[PDB]
Amino acid sequence: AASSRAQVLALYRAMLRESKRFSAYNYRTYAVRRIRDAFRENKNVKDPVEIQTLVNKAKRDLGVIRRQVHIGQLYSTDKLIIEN
Amino acid sequence: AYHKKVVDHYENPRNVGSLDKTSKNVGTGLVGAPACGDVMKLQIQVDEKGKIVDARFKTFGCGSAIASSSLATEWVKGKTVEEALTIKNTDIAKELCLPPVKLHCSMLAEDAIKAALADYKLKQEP
Amino acid sequence: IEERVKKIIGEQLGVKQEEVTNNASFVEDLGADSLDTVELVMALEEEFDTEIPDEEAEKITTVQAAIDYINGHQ
Amino acid sequence: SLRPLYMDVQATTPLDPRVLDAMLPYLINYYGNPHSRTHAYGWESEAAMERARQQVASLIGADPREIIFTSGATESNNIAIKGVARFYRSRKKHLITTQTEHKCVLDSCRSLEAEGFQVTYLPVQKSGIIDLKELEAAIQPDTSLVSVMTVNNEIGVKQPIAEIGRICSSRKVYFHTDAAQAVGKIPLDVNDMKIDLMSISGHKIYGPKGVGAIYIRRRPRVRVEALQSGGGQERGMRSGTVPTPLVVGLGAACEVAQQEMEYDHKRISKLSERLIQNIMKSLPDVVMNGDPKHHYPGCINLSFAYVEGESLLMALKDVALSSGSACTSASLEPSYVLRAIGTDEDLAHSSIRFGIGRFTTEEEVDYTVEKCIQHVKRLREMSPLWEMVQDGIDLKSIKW
Ligand SMILES: *P(=O)(O)OCC(C)(C)[C@@H](O)C(=O)NCCC(=O)NCCSC(=O)CCCCCCCCCCC
Ligand SMILES: C#CC[C@H](NCc1c(COP(=O)(O)O)cnc(C)c1O)C(=O)O
Ligand SMILES: O=C(O)CN(CCN(CC(=O)O)CC(=O)O)CC(=O)O
């Protein structure tokens, strides 16, 4: 059986590191914040089945982040006034 | 507002202020209405030879109204009272490259010039 | 000073710089959980433009261990 | 050069990356026509369409059979208002709406008036909220439809939709709500609210432009006469090729909004309070348009006395904002919404709209607040109205 804790902490790191590569400020800042908030909100779930559902969703979303980071680098634009 | 020429009169303001209404050498034009979104106050200071030597403005209005009245205030300086009378709305609009929906701004700025100049002429009659 | 390591750890963990002692464990002494320590390791990576892989990150459980890792990687 | 902050989410939203990710397979390899019945490009396109339909239905508490896809909330509003009125025109000639509805509702009602229908345009209170008892009194024996929007796009006020549905249900009058600014942002349940028709827009909820839906209740059966003639797609209610990538995007945006709604509402509420309170404590004569007790926090409409709203937008050169409206008569001719809630005409010229959404950051809010404070002060120092009030003149006493 795979360790949910090992999976969870490794997804957490991967998801944060990949989200930080979003070229666009509003996706990048949203993704990092949302990942941090969601893992923390779900920290106390105890049902092994619900945990696995949350892990599977996180893996799905990590795929989304990888693909959308790369698309946003192919079609990037200038930064916002406030990244100055 | 989008044109560089219009925005410049807000980002690099010139002649914003007031002159002394009670002066016999100061004319004040106050045109427009708050309910129409455009109110311009234009004041001219005229020397004893009839040359406008200074001017100030305040405007409540969109950027083109601010730019039209700011331009008008620059343009009256150094003109005699009779010369300033020939500044037209269409000169202001051409200089600022105003679109048709903002042509009303240049017309109000010409109204402000003529109001200021008429208040001044009223004061000289005695 | 590379002890900027202390600034990051206090920032990340919400503990006064006074409490961030060279001996302290993030979990046992400073109240971190394992989500905090993932982020803390990443903040050190960002702060010192260094890449900290898992087998090294796993050993960085105290203030000094973080100070020593950063000093030994330029 | 560097780009402005986006604070204009009531005009449209960025695509959520999860929504673009769900759409892109249908833009690349799954390009079939969902009505092509004889092959796998058709079958897989149809299946994606039907999954999207269920995603929309689940967000609002509907049966997927009640979801009709359209090109946007404008088209959905036309279908609901003209389609109901024309279906019952031989028995019912009267409709009710409000004076603050979006232009597509108002213009649809105006076109029906040129068709010989009677329309009551209800006033709203100064809060922006209708008076339920005035609605009740306005319903006539030939009233076929009431249409009242859920959240106002210019001032963010929430109409009492569930209470309106109670009134309409009990009189057997159909109740339509334009929910374009509410779907995915506040809870909507068609059965608890007793809604008969509802308009939905994809690009108000981080989905793609060019797509929408209309909910049409099937029990009790609501009847609508179709406006777009054609091949009978969408149960005869909306002919034309259903655009699979767009409806996939709309369903994905609805499912994302269903998951994210509560988290977004808590974050936007906090940012909204921060923006309003920090502007108001640093500037005198700032008034919020619309009742804060019945208000969606992501749409903030403030007036800044003695400063004209378009000059303030120009001054705020690195923030994308608006003066409201159908991206049209907002500050040009003053907002008819601000006029309907009794705003003085000069103050309606002084109003601007701030939008906070799912991706807005606290830093963006603070930057916007800081710049708004600086430029309102600057514009007031350039304003003859401010100069006069500072010299103790009453502006209500000048002959303009
Ligand atoms: P540590 O203190 O030793 O342990 C931390 C964990 C969470 C591993 C520990 O507390 C634990 O095991 N808890 C049991 C419950 C659990 O595992 N919770 C986490 C489940 S996984 C999860 O919650 C992921 C949610 C994913 C959200 C992603 C948002 C994506 C946005 C992208 C948009 C562009
Ligand atoms: C769009 C936009 C701007 C926004 N209001 C528009 C909207 C619509 C129109 O929907 P679409 O046709 O899908 O674009 C219909 N009803 C409402 C309530 C809104 O908000 C604005 O800038 O005010
Ligand atoms: O992690 C985050 O919250 C997002 N960004 C911070 C956003 N930045 C903008 C930038 O990096 O240009 C903040 C700013 O400069 O306002 C981190 C990163 O750069 O990887």
Side-chain angles (χ1 to χ4, degrees), chain B residues 13 15-20 22-23 26-45 55-62 65-66 68-70 72-73 104-105 108-109 111-120 122-123, chain D residues 125-127 279-280 282-290 301-309 311-312 315 323 334-338 340-344 346-352 372-373 375-395 397-398 400:
Chain B
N15 306 314
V16 171
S18 302
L19 301 173
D20 185 343
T22 75
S23 180
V26 168
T28 305
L30 177 71
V31 295
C36 304
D38 195 351
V39 173
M40 328 159 158
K41 194 207 76 187
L42 201 171
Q43 296 182 289
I44 39 171
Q45 163 159 139
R56 298 285 188 270
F57 87 99
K58 299 231 177 135
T59 291
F60 163 86
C62 66
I66 292 174
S68 286
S69 55
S70 175
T73 300
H104 63 96
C105 297
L108 203 66
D111 288 16
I113 295 172
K114 288 182 163 83
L117 277 169
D119 177 62
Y120 167 77
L122 251 72
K123 285 199 207 142
Chain D
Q125 309 166 255
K126 308 214 136 63
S127 58
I279 288 172
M280 271 196 193
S282 305
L283 285 172
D285 302 313
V286 178
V287 173
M288 160 171 177
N289 293 312
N301 193 295
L302 311 174
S303 69
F304 300 88
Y306 314 116
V307 164
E308 194 277 338
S311 65
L312 182 55
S323 266
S335 168
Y336 65 87
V337 171
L338 299 182
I341 70 180
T343 313
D344 297 335
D346 61 345
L347 285 175
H349 280 297
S350 299
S351 297
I352 71 153
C372 189
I373 292 159
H375 284 295
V376 167
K377 290 175 178 165
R378 289 182 55 155
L379 281 160
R380 282 176 174 168
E381 289 152 17
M382 296 183 58
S383 169
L385 307 189
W386 180 255
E387 178 191 328
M388 298 154 116
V389 167
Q390 282 330 270
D391 184 30
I393 291 142
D394 197 280
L395 293 175
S397 90
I398 290 70
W400 302 102

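Residue numbers begin at 1 in each chain, while the letters A, B, ... track the order of the sequences. No hydrogens, no waters, no symmetry mates; every other heavy atom, side chains included, goes into these values.
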| task | Give me the one residue out of D/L283, D/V389, D/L385 that meets side-chain contact (heavy atoms from CB on, under 4.5 Å) with D/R380. | result | D/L283
| note | Taken to the nearest 0.5 Å, the spacing of D/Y306 OH from D/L347 CG works out to 8.0 Å
| Test salt bridge (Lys or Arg N to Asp or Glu O under 4.0 Å) applied to B/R56 - qualifying residues, sequence neighbours left out | B/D54
| note | Note: B/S23 and B/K123 closest approach over all heavy atoms is O-NZ, 2.8 Å
| note | Shortest non-hydrogen pair, B/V39 vs B/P34, comes out as CG2-N, 3.3 Å
| remark: The reported gap from CG in B/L42 to CD1 in B/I113 (rounded to nearest 0.5 angstrom) is 6.5 Å
| task | Say whether, by atom type as modelled, one donor and one acceptor occur between the side chain of D/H349 and the main chain of B/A35 under 3.5 angstrom. | result | yes
| What are the two closest non-hydrogen atoms of B/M40 and B/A112, and how far apart are they? | CB-CB, 4.5 Å
| field | CD on D/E308 to CE on D/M382, rounded to 0.5 Å | value | 12.0 Å
| query | Any donor-acceptor pair under 3.5 Å linking the side chain of B/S69 with the backbone of B/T59? | reply | no
| Residue pair B/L108 / B/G32: nearest heavy atoms and the distance that separates them | CD1-N, 3.9 Å
| task | Give me the one residue out of D/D285, D/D391, D/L379 that meets side-chain contact (heavy atoms from CB on, under 4.5 Å) with D/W386. | result | D/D285
| query | So which heavy atom on B/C62 is nearest to which on B/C105, and how close? | reply | SG-SG, 3.8 Å
| task | Please list, chain by chain and in numerical order, all residues satisfying side-chain contact (heavy atoms from CB on, under 4.5 Å) with B/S70, sequence neighbours excluded. | result | B/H9, B/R14, B/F57
| field | Listed partners of D/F304 passing ring-ring contact (aromatic ring centres under 6.0 Å, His included), at least two apart | value | none
| request: For D/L395 and D/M388, run side-chain contact (heavy atoms from CB on, under 4.5 Å): C-alpha distance rounded to whole Å, both residues' side-chain angles, the deciding distance at 0.1 Å, then the answer. | output: CA-CA 8 Å; D/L395 293 175; D/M388 298 154 116; 3.9 Å; yes
| request: Report the C-alpha distance between D/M288 and D/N301 in whole Å, list the side-chain angles of each, state the deciding distance to 0.1 Å, and finish with yes or no for side-chain contact (heavy atoms from CB on, under 4.5 Å). | output: CA-CA 6 Å; D/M288 160 171 177; D/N301 193 295; over 6 Å; no
| remark: Heavy atoms of D/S303 and D/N289 approach each other most closely as N-ND2, 3.8 Å
| request: Go through the structure and list residues passing side-chain hydrogen bond (donor to acceptor under 3.5 Å, both in side chains) with B/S68, not counting sequence neighbours. | output: none
| query | Can you tell me if D/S350 uses its side chain to pair, donor with acceptor, with the backbone of D/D346 under 3.5 Å? | reply | yes
| Is there a donor-acceptor pair closer than 3.5 Å between any side-chain N or O of B/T28 and the backbone N or O of B/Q43? | no
| D/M280/D/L302 under side-chain contact (heavy atoms from CB on, under 4.5 Å): CA gap, chis, key distance, verdict | CA-CA 10 Å; D/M280 271 196 193; D/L302 311 174; 4.2 Å; yes
| task | Sequence neighbours left out, what passes side-chain contact (heavy atoms from CB on, under 4.5 Å) with D/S127? Give chain and number order. | result | D/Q125, D/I129, D/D291
| task | Could you walk me through whether B/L30 and D/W400 pass the side-chain contact (heavy atoms from CB on, under 4.5 Å) test, one step at a time? | result | CA-CA 9 Å; B/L30 177 71; D/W400 302 102; 3.8 Å; yes
| side-chain hydrogen bond (donor to acceptor under 3.5 Å, both in side chains) against B/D111, all qualifying residues, sequence neighbours excluded | none
